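Each chain is listed here by its residues.
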Protein chains: 6
Amino acid sequence: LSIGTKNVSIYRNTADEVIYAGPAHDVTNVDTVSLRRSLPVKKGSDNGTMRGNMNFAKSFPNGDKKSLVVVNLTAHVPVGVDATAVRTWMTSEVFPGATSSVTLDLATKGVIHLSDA
Amino acid sequence: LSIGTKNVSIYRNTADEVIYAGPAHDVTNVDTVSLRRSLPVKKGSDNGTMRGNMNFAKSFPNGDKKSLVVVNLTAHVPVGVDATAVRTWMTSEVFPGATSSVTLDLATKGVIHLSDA
Amino acid sequence: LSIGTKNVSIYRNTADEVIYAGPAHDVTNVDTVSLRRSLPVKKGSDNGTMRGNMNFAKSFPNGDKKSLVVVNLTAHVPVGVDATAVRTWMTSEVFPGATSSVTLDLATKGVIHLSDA
Amino acid sequence: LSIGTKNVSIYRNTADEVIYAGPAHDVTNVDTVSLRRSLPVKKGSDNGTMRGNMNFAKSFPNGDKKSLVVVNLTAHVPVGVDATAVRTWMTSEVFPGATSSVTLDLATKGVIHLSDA
Amino acid sequence: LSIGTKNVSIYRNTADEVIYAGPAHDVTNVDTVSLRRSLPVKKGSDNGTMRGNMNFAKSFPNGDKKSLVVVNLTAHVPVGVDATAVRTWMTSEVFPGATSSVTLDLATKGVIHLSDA
Amino acid sequence: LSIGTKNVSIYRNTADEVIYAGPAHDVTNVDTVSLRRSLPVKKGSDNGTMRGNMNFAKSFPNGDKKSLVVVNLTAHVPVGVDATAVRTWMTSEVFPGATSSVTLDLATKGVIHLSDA
């Protein structure tokens, strides 16, 4: 049981959310990957939207205490779209940009203006 | 200007959000990447949280209409946490897991059980 | 994990119901098999009934839209009845009749008269 | 007049239900196969749904008394779907799973979690 | 899936409890091993307690009817206590005494005086 | 006076509970094994239930303070159930599973999924 390069185990299991714990996760150190979903609700003429949330939670030393660093990856896919097209777009266009230096600079410096070449 | 392997141009500029337009963005088709920041508010004694949001928006055919697929990547870093440690954690743990088949399955099928290998 | 000749995966888990997803299940297309149980409640003197429900759900083209076709197979077994006798009856009498052309005709044409051979 | 491998005869005949009796059916032993239909009601813009129910009823010794074991096979087919596609899906995908060991284990043990290969 | 020398299967999966059924478990007989947990609650300054419960249930002939024999095993480990110290305490001091003839006499006859050697 | 491999002495003697103290028990540290019983009460037609309880209490360093780790083992045996069957069930089915690594994982980490072998 692995997510990416990190081996995990099932920690908690609800109907629409499964929380997995990393090897370091314990009662005082948080190391968790949550997979949560919101299933499409057919309302009116709209068929709904599937929401997929991937949560990374890690404990970090903050001065004397511990702080929780959280990274969320959320996708909103309306019902009726071709899944293969969305997967290809996510692989070719979303993934390379989401794991680039832009994400790190935005996280640790608040950089929203890109530069330059 | 590039975001990963995609060339973009500044499209909308605000104080805390910049929207960049991809090569396919026009009046009819959406192809955008947005960078948004929520700077820490060090109220009282707590030093606040830096929130970095990266938004990917793409229009897709859905029957006769068009539907927006949105992918969100948000980092919540409390103030005082070492930036280098957070960047190392994001690069070695979050980035490989957020670009695996697990993310694609969760987004396009709502799969929250990553069995079993 | 297999149901007959179809490979399935755990999709949704509840206390008394489990939904498995087929290879064609995604945000746009439904391909699911659900197993539900109603355990006996031995109120007063009656030992109750065990209710086992099997649900097959598949999306189909219907003009411009999609329509859900659902097949239900429910067994109501009162408590105290020999399990082996019930299984023999289901295998020898119920199963051959529930997979004949009679079931197909009833489902797709509403035929309730099985004349004449 | 046969249903599956069981020879039956017409026992009762209404507009939307025909009850057939097996060779053993009598005034004290129940051995019946009912075919019931609910015809589509064209209401609003919805063209309705054809419901087809196949009921197997059998009397079984339960201690000192006799209990009724009932198996229901219900199909809900919306108007406008291709009937050949539904029949092919039912033959190749519904029937093998509905007459497997999964159904027997669900009926006689309440097993909703599948295992393992 | 083994708990000791017993081959079990998942029977009910809840966020804080998983019930495993043995070979002799069915609708009318009970053969179950239930794992239960109460995760620590960081209330005030106390980090909480980790509560783990392992339940054994079996049906037994009791004259005319069938009675349920239940063996419970609950551990209370406060957060912050070294886990390795607790595990060697249980292995060497709790487990050998909890599986001796003292438990058998206490369970069947209520013997609380273990005289004398 | 032995409970397993531990040499204990009588520390408290009441009608339905005897507390024995280990070699490390004193005024400021807890090292105790308590045997408790609830004798059957012939209430109405029910012959009652014998309840047995084995309690293990130890003190452990918890940061600055000393925390109490408690392991409980409770058995409920209805009156009329054959004692030898219960004893062989505990010896063969309950004891081997109650002293395995599953107990340690449940007590220290709250693991309720014993995947997979």
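Residues numbered from 1 in each chain as written, not as in the entry; some residues may be left out. Chains lettered and ligands numbered in written order. Part of a larger assembly, values for the part shown. Heavy atoms only, no water.

Its PDB record attributes the structure to cryo-EM, giving the resolution as 2.9 Å.

Structural notes on the relation of the copies chain C and chain D
Overlaying chain C on chain D yields an RMSD of 0.4 Å, the required transformation being a rotation through 180 degrees with an accompanying axial translation of 0.1 Å. Here the symmetry operator amounts to a two-fold rotation axis. In terms of proximity to the rotation axis, the leading residue of chain C is C:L73, whose C-alpha is 2.2 Å off the axis. Most of the interface of chain C is mirrored in chain D: 96% of its interface residues are interface residues there too. (Least-squares fit on C-alpha atoms. Contact = heavy atoms within 4.5 Å.)

Some words on the interface of chain F and chain E
Taken together, the contact between chain F and chain E spans 74 residues of the former and 75 residues of the latter. When the two sides are added together, the surface that chain F and chain E hide from each other amounts to roughly 6,400 Å², 68% of it contributed by carbon and sulfur. At the surface where chain F touches chain E, the tally comes to 6 salt bridges. A salt bridge links F:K6 to E:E93, with the shortest nitrogen-to-oxygen separation between them at 2.2 Å. (Buried area = accessible area lost by both parts, 1.4 Å probe. Salt bridge = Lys/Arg side-chain N within 4 Å of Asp/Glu carboxyl O.)

With respect to the sheet that holds strand β6 (residues 49–62) of chain B
Picture the strands of a sheet paired through backbone hydrogen bonds; they go either parallel or antiparallel. Taken in spatial order, the 10 strands line up as β3(A)-β4(A)-β5(A)-β6(A)-β7(A)-β7(B)-β6(B)-β5(B)-β4(B)-β3(B) in an open sheet, and their pairing is antiparallel. The open sheet terminates on both sides in strands that have one partner only, identified here as β3 (9–13) of chain A together with β3 (9–13) of chain B. Taking each pair of neighbouring strands and ignoring which way they run, the sheet shows an average axis angle of 20 degrees. Bridging between β6(B) and strand β7 (residues 65–78) of chain B involves 14 bridges; their strand directions are antiparallel. (Pairing = 2+ DSSP bridges. Helix = DSSP H or I, 4+ residues; strand = E, 2+ residues; numbered from the N terminus. Axes fitted to C-alpha atoms, helices over the stretch in contact; angles between N-to-C directions.)

Let's talk about the relation of the copies chain F and chain E
Its rotation angle being 180 degrees, the transformation that places chain F on chain E also includes 0.0 Å of axial translation and leaves an RMSD of 0.1 Å. Interface residue correspondence from chain F to chain E reaches 100%, placing this contact among same-surface, isologous pairings.

What about the layout of surface pockets?
One number sums up the size of the second largest pocket: a volume of about 1,500 Å³. Taken together, 45 residues make up the lining of the second largest pocket; nearest its centre are A:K42, A:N47, A:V79, C:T28 and C:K66. Of the residues contributing to the lining of the second largest pocket, the split by class is 14 nonpolar, 20 polar and 11 charged. (1 Å grid on protein atoms, 1.4 Å probe; cavity = no way out; pocket = protein on both sides within 12 Å on 5 of 7 lines; lining within 4 Å. Points joined across faces, edges and corners; volume = space filled by probe spheres on them. Nonpolar A, V, L, I, M, F, W, Y, C, P; charged D, E, K, R; others polar.)

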